[PDB]
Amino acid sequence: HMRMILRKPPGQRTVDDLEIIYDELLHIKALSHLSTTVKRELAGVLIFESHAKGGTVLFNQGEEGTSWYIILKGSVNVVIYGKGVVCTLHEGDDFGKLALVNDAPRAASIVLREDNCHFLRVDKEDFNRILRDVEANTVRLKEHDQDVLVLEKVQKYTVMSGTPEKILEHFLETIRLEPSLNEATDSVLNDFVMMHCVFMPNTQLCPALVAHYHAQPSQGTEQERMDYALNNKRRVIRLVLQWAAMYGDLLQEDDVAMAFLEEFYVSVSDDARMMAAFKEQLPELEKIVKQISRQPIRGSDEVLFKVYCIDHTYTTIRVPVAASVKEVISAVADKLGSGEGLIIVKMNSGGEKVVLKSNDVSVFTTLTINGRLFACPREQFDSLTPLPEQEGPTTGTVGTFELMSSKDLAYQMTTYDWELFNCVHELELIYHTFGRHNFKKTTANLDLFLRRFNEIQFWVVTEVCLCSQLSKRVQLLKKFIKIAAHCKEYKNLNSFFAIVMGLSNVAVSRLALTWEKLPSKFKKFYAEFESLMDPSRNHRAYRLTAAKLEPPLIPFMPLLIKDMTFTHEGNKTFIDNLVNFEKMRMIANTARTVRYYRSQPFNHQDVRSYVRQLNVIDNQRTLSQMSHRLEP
């Protein structure tokens, strides 16, 4: 009797039909966490389904989701192409929710395990008005009695955690090839495409992509199977194009990624020939393949680097930019023909020494502005002393840049800053945060740009301290405040903050007789600049200033690096051995922020030459001593 009642259409059930159904819905496990209001609505919506023979398909992978199911009697298999029965649901369990809520294809097929199975069903329009914003149940996808993908309402269900394999699988299935959804699709894939190197490197991704590209459906009529296979191949190509774009010129640093792409293009063009498909995607794939076989520094680029000995003689080694400290030692011991146990130390102009680890990569650009690289046995470590080269200039350069326009200088600084900022690849921020050695990739471009901040800062301090005439020193402080203001006008907030921080340096802020007789207009100009650095409410002053501006702008770099650091250190990469994709999205968002700042372009040869070839003292001790004899 109940069967017949539950088999009647929603708008054909009596008041006494509805009343009997509700009394039975109270026994059902899947519906326990629901309100009376909801259960009463479901009473006039739940459809009774029955199938007699095991092996009967309930729905197929790739199909659009039209129903949510609850198992009353029997069991079903969750089946995925190229993996088979991936898990099995029993009486009490529910399925098919994820596709309904995310308006996405079915990630799997549901097949009756045993004979005579009974189901309760709720169709999409009925599900959405009644259940959509009440069923908050975390969607766990399982394989081999193990959580393999976890999704939540952060409205769609977003990936919180999962295995590298299932995350890729998920982001493949949800690609929309429909041409008006071009940028929406690319935006969804962007998180994975950018972050994959952390949890799923190319040595794993590339084989997994090939495996997916050739995955055939294990069910359906010939046409059904051909249509699915073709769109699967279309989705794989789409992801490959996003992956290849993200890397760009960086692919040349990875042999496995280049081998994959070169083979993948052959595999696709062959499929395109005989299936008459991929009309638009094949030229895109060919464009990217042919391009393979200040300028951005590559990790494979060659460096002539001087490595210094204790007696201040040196070897010039010829190695790749991304060479490890171990590769450096080997190159030095080659020319010095040694087996005397060399270690590599980097040293300040101040004399501060650091022993580098054997597996540290691309250390050449991680040196301080006036830092040098040394090779010695461990018993020599403490006796190392700096080179004169490291101590910087002794006479200033005011007689040159004072003759130059404040506006001209600021502009030429921002031009140089932009060339440096555009050399920095989005992935270099990822490698820098998660640790260079884990990727064995270079961050040389980022290193040189971050260095520029310290350079500009110390340039200010140098010129002031080498300026003995109090009258001209006031003209210096005035000019630096002017250059900073102009820098802030071009939206170069990096060079702006660097100059302001140069002016607030212990050695400069000391000079009361210089600050006192500085025009009162500029005194307040600087105090406003110095209050933009206020670290209060998480650098609220700067953050609001930067947010109000429009795309073509250079951000305050140390704060970006700080954000990145705390995102990594305050969040765990793995949660229960599943990739914490919530953390990956955060890191990606911070990187997309850089993408936003460079989304628009930017709008005197002797001024170009000076700005680009700065000579700076980075020895704070020396800078204090000079300051102490200008004004005791």
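Numbering starts at 1 and follows the sequence shown.
A.B. asks: Indicate whether the chain is continuous between residue 293 and residue 294 or, if not, how many deposited residues are absent from the coordinates: none, 1 to 3, 4 to 9, or 10 or more.
C.D. replies: Gap size class: 10 or more residues without coordinates, per the record.
A.B. asks: Mean Cα B factor from the PDB record: higher for 97-105, or higher for 283-291?
C.D. replies: Result: 283-291.
A.B. asks: 421-429 versus 124-132: which one carries the higher mean Cα B factor per the record?
C.D. replies: On average, C-alpha B-factors are higher across 124-132.
A.B. asks: Based on what the PDB entry reports, which of 355, 236, 275, 208 has the top C-alpha B-factor?
C.D. replies: The record points to 275.
A.B. asks: Going by the CA temperature factor in the entry, name the top one among 527, 241, 498, 367.
C.D. replies: Spelled out: the listed residue with the top C-alpha B-factor is 527.
A.B. asks: Lowest, middle or highest third: where is residue 185 by Cα B-factor in its chain?
C.D. replies: Top third by C-alpha B-factor.
A.B. asks: Would you mind ranking residue 593 by its C-alpha B-factor against the rest of the chain and naming the third, lowest, middle or highest?
C.D. replies: Its C-alpha B-factor belongs to the middle third of this chain's values.
A.B. asks: Hey, what third does residue 90 fall into on Cα B-factor, ranked over its chain?
C.D. replies: Answer is middle: the recorded C-alpha B-factor places it there.
A.B. asks: Using the B-factor values recorded in the entry, state whether the Cα atom of residue 29 falls in the lowest, middle or highest third among the modelled residues of its chain.
C.D. replies: CA B-factor rank for residue 29: highest third.
A.B. asks: Name the third of the chain's ranked CA B-factors that contains residue 52, choosing lowest, middle or highest.
C.D. replies: It falls in the top third of the chain.
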